């Protein structure tokens, strides 16, 4: 079965006065592979993909500030807060050229960082990523009224902060196969205290949906304009029905994005890592062997 353990030794680096945790495995030399998770996950979401890559490539998988085993400073945990901390994490580790493997809000971080530093990005593997959602009709019907309620300070915060709905309900509803109790407890562990759940609510409130919020929309539009032009090698994974990326959108992108190979992982919602980690991991490793890295 799909692995439920997290056997990686912890590593910590001081970033802007805060401790960030990260996985670091594989060989020391060579170009590293940087895995960025999203909401409401951690490096745990990469636990079954990394072992396919670590035999031949360094794997670095940080927990976003306020998440995983990283410190939990009193921040609003806006997308800009994560930008600041990931910028500084990358520089605190002395990384120069990287390959990015990115998902959900980690894709927004990685795409925004690659757009600003394209000479340092030798390839991007991405899946279920942040794109402008033009209208709410383009958000999955089965999740629409809930994500709309998420984006309020009254009902949204009762659900996410007080009742932990993003972990207890949204997370399983983003995975086609059933999550075991051991996996749920891994995803629950950073957020046992309700006050620590601010990131889980601020993230859906930053999602670029129907032109809101306007700053995030413009930021994501900018890196999508870069991605439609850039020659950077691209690997897109997609599932059916998907959540952020339905199969029709994955189809368009495979055709339009330059140097982009698309891989159908089968059934999948948002956490595609949890539905087909062996295909995702084995395809990242094969794709990497084709890169000039």
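Residue numbers count along the first chain shown, from 1.
As the entry records it, the average C-alpha temperature factor is higher for 6 to 14, out of 6 to 14 and 280 to 288. Between 64 to 72 and 49 to 57, it is 64 to 72 that carries the larger average Cα temperature factor according to the deposited entry. Based on the entry's C-alpha B-factors, the most elevated value among 43, 230, 256, 39 belongs to 256. When the C-alpha B factors of 118, 94, 174, 156 are read from the deposited coordinates, the top value falls at 94. For residue 111, the recorded CA B-factor ranks within the lowest third of the chain. Only modelled residues enter the ranking. When the CA B factors of the chain's modelled residues are split into thirds, the value for residue 162 lands in the highest one. Annotation for residue 80: C-alpha temperature factor in the lowest third relative to the rest of the modelled chain, per the entry. In this PDB entry, residue 135 carries a Cα temperature factor that places it within the highest third of its chain's modelled residues. In the PDB entry, a CA B factor belonging to the lowest third of its chain's modelled residues is recorded for residue 146.
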